[PDB]
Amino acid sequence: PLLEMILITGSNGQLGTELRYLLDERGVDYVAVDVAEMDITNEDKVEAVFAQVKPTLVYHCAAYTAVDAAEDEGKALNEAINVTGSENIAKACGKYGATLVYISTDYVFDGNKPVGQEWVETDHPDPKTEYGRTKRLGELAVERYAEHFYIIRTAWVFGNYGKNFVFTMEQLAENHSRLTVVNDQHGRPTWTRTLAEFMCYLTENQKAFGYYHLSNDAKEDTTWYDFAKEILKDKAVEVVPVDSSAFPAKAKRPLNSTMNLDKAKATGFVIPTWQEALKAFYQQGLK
């Protein structure tokens, strides 16, 4: 009751690493676990860590995020991590009375919203990808078992501390002169630093429990193509805009998953545009 005790799961991924370093800057202590310390798919290992740590606040950064793979070769792994693992951590948090910050996805929505319109927290999820379906089940487990929760739906996540679309683009551009990127899937990038700061803003300021949408912002419509054009603008590659029909993709990704950020902005947190965040990401990567 008098001591805050933070646990970070998925601590060595792009978001978990970002979050560790942010807490380190703020002089905040924590216990950090990932797959080599606490397999979230094994309820007994999860219980043993919570019994030792006795957390009051858990930032759950563990997820499976390979969308195409989740439809086929990774379908079993996607389900274990996003369904079972989410349930296990939600139940552990409820047992121990811990607040759970659960990171979810814009891919819970069906994506059938005109360009220009945006998804709000109270819209009904109806995911059409296996990844999104599993993440929605995770949300439902959190709501059932963790009385004190923040579910933060984020999008298109990138940062300096793990794999993502930015590094994929840069690697491909080293050896290939032409890349084809969809220009009919609308959404917004999210820098891990902005997301980690928002996670901490909710908890530091004890905002109302519930659901919050968080991506970086944009004044104008944004597609994957727009993001890739910007990332690669200093490279000798041509980024070619294509439609989603151009090549046979395994997952039917949402055509418009742009989130309304008004609730997040109502917290007082200030959200950079994705252009600003990308620039900051490049500067932070110099260290």
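Residue numbers here begin at 1 and follow the sequence given.
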| property | result |
| --- | --- |
| Comparing 7-15 with 268-276, the one whose average Cα B-factor in the PDB entry is higher | 268-276 |
| Entry-level comparison of average CA B-factors, 51-59 and 240-248, reporting the higher stretch | 240-248 |
| Residue with highest C-alpha B-factor in the PDB entry, from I152, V142, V115, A98 | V115 |
| Identity of residue with top Cα B-factor, from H176, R193, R188, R136 | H176 |
| Chain third (lowest, middle, highest) by recorded CA B-factor, residue given as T122 | middle |
| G210, C-alpha B-factor rank within chain (lowest, middle or highest third) | lowest |
| Modelled-residue ranking by C-alpha temperature factor, third containing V181 | middle |
| Cα B factor band for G132 (lowest, middle or highest third within the chain) | lowest |
| CA B-factor ranking of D217, expressed as a third of its chain | middle |
